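See structure below.
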Amino acid sequence: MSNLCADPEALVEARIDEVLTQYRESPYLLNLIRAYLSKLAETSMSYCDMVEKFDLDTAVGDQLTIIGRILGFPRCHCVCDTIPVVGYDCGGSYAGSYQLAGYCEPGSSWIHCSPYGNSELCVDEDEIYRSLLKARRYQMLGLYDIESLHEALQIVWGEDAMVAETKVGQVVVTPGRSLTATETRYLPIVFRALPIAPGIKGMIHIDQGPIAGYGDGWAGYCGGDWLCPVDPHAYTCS
Amino acid sequence: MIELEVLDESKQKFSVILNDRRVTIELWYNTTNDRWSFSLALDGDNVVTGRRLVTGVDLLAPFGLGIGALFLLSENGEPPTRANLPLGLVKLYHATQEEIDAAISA
Amino acid sequence: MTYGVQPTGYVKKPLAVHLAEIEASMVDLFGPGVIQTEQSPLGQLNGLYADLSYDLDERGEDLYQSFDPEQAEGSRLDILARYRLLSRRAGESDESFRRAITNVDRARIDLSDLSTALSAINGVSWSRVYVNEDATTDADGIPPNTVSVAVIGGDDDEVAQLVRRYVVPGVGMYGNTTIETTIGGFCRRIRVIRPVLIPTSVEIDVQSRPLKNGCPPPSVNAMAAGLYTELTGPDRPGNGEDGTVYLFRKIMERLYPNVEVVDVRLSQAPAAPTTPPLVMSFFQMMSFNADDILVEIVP
Amino acid sequence: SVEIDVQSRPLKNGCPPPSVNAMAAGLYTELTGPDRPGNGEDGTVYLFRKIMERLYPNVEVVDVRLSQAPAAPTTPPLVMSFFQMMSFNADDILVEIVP
Amino acid sequence: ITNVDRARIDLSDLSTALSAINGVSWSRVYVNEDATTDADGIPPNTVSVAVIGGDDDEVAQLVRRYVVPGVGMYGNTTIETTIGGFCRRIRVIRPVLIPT
């Protein structure tokens, strides 16, 4: 569409124009009416901030959670992983049985959190959950071909990502770059969102670097590496 | 299929027997967005309320009411307007499910 | 602008805030000498219009929640699900359809489209989807790179036309029932599981453990009726699930925490109950009767 | 001091074995919250297995060991008198999976 | 209303409330406020209720709001009640009718 609403003063003046001649120059009456109507107009302006807060390319927070709930990919998932816990390691080091967080960790969770006491790793950084939803809208439509899987991987990981092999029931992918800790920890959730046909096992390159070999779009000596598909353990501990 | 006449009034209401059901339709014009909207009541109960009249799609598809398709058409795909809907430049049509099936098969 | 649509949701301006800034607008107009007490002519007007502004905020919250499957309800919930072309079943509740839209965990998000469309098929009482995506046959007997479907009810034609369009070519299917399907002349045999029901006889011994001597245990008939409901519900034991002491001790104690399960006994009817485990194969299922369930309290 | 040894029983289409830390923190929060074991409530296998199997339906409890800090964990029952009450610490709960 | 001579000015409220339940054809209230058991078998500091007819649920909930905690009840039929979760067990006497 286009601009839904207008400035409140435009609407209120449009209405003040309808006043009677005998009141056209009553500054106290007109200013009282303006005071009372300018708030209704201002209150309702807050609604045109309900228009692009759900834009998948820009949504954040609860607006992104609601889109995730529409697309059927919640923010958090069960895993076989020791999520980092917010807390102090008794200074230098303490024996304990947990691992700790330090003000910059997507694995933010307190030991008392409900989506932590039952092993739900919850995705907090919007830039990664947005990518997961942009990939999930491919599982939605069942676009399992390479032309679509490569496009999904570009959004998840970057322009260097690629899909390598198509064995019997086993497909390898690579980000094409060293991953950071946040991306490594979220990796199991990425293979739950990628468009890979059920009954076919997704794998991952070891070094997350571009694959080598012969052909047109590949990597040579500098930049490439020998393939090695490994199990990301997206659904199992084993 | 049938054509449903629209009067030159910003709010109008009528009743028609669709698939042997008494369907009451209420059209009202929203000046702020310059668009027509419809509420539909099946046998006295409002099943659809506040839907935007848009050309070229089945307006009743999401609801599974079982009363066929209700759709708007125009020669060059113009959008419905206060002036252009009552003039017959945009026509409201009801199509029965069997007719839709026969056309789809043909 | 902390109010309105915020990263935490829709933040609502309090009525007191509305009234206070109405009063600020009126002080800026009439001067500091104005009277605005809640019982004066100007105070009453301020209250009325503060209420109207707050009701506009209420509308804003309604409009925001009309796009959250957790708050949307009715035909608007149906339109929301129309983004993924899910459909509500007959008599399905908003809570159930909402859980289907959201895909609450499910621990494996894919195969959710197939699972939900199967459930939507008319007549399908119980449905379940399995997959063997490794290069080895799993302990349940599913060959590698295979999709298995278990379904009770529904016509084979609709079931198979759905399963064919949800499972890609080049992926097999493990099952006991075969359905021949045709599209454009191409001829796929879709194998599904129609689990064979084994009438199970179940006899349970329980001890009473009142919570802080809080309230005493219920009656034997009530506990047996609860267990029959639990085992006949949508969370009934699946195919290939052997009857064990653990399963029933997990069901009884959850249904009635003040009761300790001591000894479970199972058998295939009409055979006498005995020691578990009762082994069901992957094509078999446990089927229960109200009469067969028996519960006894022991000292 | 409390110690639970469990066997994972994952239904085919379900989450994997939940992590030991998550299992420990879930038991800790539920034993520390309003539904904590009250005074004069003997620590016993019934209570802990009930709690664990209610939290994690895909887990079977093999055994419970209980004692007082620093005393070595002992087979239940852990007798508490009507005036004595059990206390717990997050770092004093240990969960492990048995094969 | 007047509490015509009863010899127990308290307990008349409970007696009246019991008789006011639907279906209660006969009712009576007994007490042993002494520290020793009476020859009738009522333990010390005990309030007993005898009643014929009326639903157990309503009878027990009514007796509960008249008999205070810390006071026992002697009877042959036990009914389990609940207010706010604090389930109690209220014992009353359902007389056995012996034809004569």
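Here, each number is a calculation from the coordinates, and none is a lab measurement. So basically every Cβ, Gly included, is an ideal-geometry build from the backbone, and we count neighbours across all protein chains shown.
If the condition is being more than 7 Å from every other protein chain (Cβ to nearest Cβ) and in contact (Cβ under 8 Å) with a residue 24 or more places away in the chain, then region D:37-48 contributes D:37, D:39, D:40, D:41, D:42, D:43, D:44, D:45, D:48.
Of all residues in region A:13-49, those being over 25 Å from residue C:59 (Cα atoms) and touching a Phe, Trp or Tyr at 6+ places or on another chain (Cβ under 8 Å) number 3.
For region B:67-77, what are the residues that are surrounded by fewer than 12 Cβ atoms within 10 Å (Cβ to Cβ) and either part of a strand (DSSP E or B) or in contact with a strand residue (DSSP E or B) (Cβ under 8 Å, 6 or more places away or on another chain) (or both)? Outline the logic, then answer.
Going residue by residue through region B:67-77, those that are surrounded by fewer than 12 Cβ atoms within 10 Å (Cβ to Cβ) are B:75-77.
Hit for region B:67-77 is B:77, nothing else.
Taken over region A:16-56, the residue count meeting the criterion of being among the acidic types (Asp, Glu) and facing another protein chain (nearest Cβ under 9 Å) is 2. Checking region C:49-57 against the condition returns a match, with at least one residue being among the charged types (D, E, K, R) and either closer than 30 Å to residue C:115 by Cα or more than 10 Å from every other protein chain (Cβ to nearest Cβ) (or both).
Reported count of residues in region B:27-66, each being surrounded by 17 or more Cβ atoms within 10 Å (Cβ to Cβ) and part of a loop (DSSP other than H, G, I, E, B), is 4. Among the conditions (1) out of contact with any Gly (no Cβ under 7 Å at 6 or more places or on another chain); (2) of a type in the set (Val, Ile, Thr); (3) not in a helix (DSSP H, G or I), the only one that residue C:131 does not satisfy is (1). Quick one: in region C:218-255, of everything that is among the acidic types (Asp, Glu) and within 11 Å of chain D (Cβ to nearest Cβ), which residue is farthest from the chain's Cα centre (by Cα)? Applying the filter and picking the extreme gives C:242. What about residue C:272, is it hydrophobic (A, V, I, L, M, F, W, C), surrounded by fewer than 15 Cβ atoms within 10 Å (Cβ to Cβ), within 14 Å of chain E (Cβ to nearest Cβ) and more than 29 Å from residue C:119 (Cβ to Cβ)? Considered against the rule, which asks whether it is hydrophobic (A, V, I, L, M, F, W, C), surrounded by fewer than 15 Cβ atoms within 10 Å (Cβ to Cβ), within 14 Å of chain E (Cβ to nearest Cβ) and more than 29 Å from residue C:119 (Cβ to Cβ), residue C:272 comes out as no.
Can you work out which of the residues in region C:117-150 that are β-branched (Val, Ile, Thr) and surrounded by fewer than 20 Cβ atoms within 10 Å (Cβ to Cβ) is farthest from residue A:195 (Cα to Cα)?
Narrowing region C:117-150 to residues β-branched (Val, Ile, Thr): C:121, C:124, C:129, C:131, C:136-137, C:142, C:146-147, C:149.
Okay, now just the ones that are also surrounded by fewer than 20 Cβ atoms within 10 Å (Cβ to Cβ), so C:121, C:124, C:136-137.
On the way: C:121: 25, C:124: 28, C:136: 23, C:137: 24 Å.
Checking each candidate, the answer is C:124.
The residue of region D:42-61 that is farthest from residue D:9 (Cα to Cα), among those that are touching a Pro at 6+ places or on another chain (Cβ under 8 Å) and not hydrophobic (A, V, I, L, M, F, W, C), is D:42.
Across region D:10-19, which residue is nearest to residue C:253 (Cα to Cα) among those that are surrounded by fewer than 18 Cβ atoms within 10 Å (Cβ to Cβ) and facing another protein chain (nearest Cβ under 8 Å)? Result: D:11. Condition check for residue D:25 on (1) surrounded by fewer than 17 Cβ atoms within 10 Å (Cβ to Cβ); (2) in contact with a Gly (Cβ under 6 Å, 6 or more places away or on another chain); (3) not β-branched (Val, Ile, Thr): one failure, at (1).
Restricting C:34, C:17, C:5 to those that are in contact (Cβ under 8 Å) with a residue 24 or more places away in the chain and among the β-branched types (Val, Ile, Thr) reduces the list to C:5. Each residue in region C:61-96 was checked for being part of a loop (DSSP other than H, G, I, E, B), more than 9 Å from every other protein chain (Cβ to nearest Cβ) and among the acidic types (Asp, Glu), and 2 of them qualify. Each residue in region C:157-172 was checked for being under 26 Å from the mean Cα position of the chain (by Cα), in contact (Cβ under 8 Å) with a residue 24 or more places away in the chain, surrounded by 16 or more Cβ atoms within 10 Å (Cβ to Cβ) and not in a loop (DSSP other than H, G, I, E, B), and 6 of them qualify. Just the residues that are of a type in the set (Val, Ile, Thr), farther than 14 Å from residue C:64 by Cα and facing chain C (nearest Cβ under 9 Å), please, taken from region A:57-68. Within region A:57-68, A:60 is the sole residue that qualifies. Quick one: in region C:120-156, of everything that is touching a residue at least 24 places away in the same chain (Cβ under 8 Å) and farther than 22 Å from residue C:86 by Cα, which residue is nearest to the other protein chains (Cβ to nearest Cβ)? The selected residue is C:145.
Within the option set C:2, C:37, being in contact with a helix residue (DSSP H, G or I) (Cβ under 7 Å, 6 or more places away or on another chain) and loosely packed, with under 13 Cβ neighbours inside 10 Å holds for one residue only, C:37.
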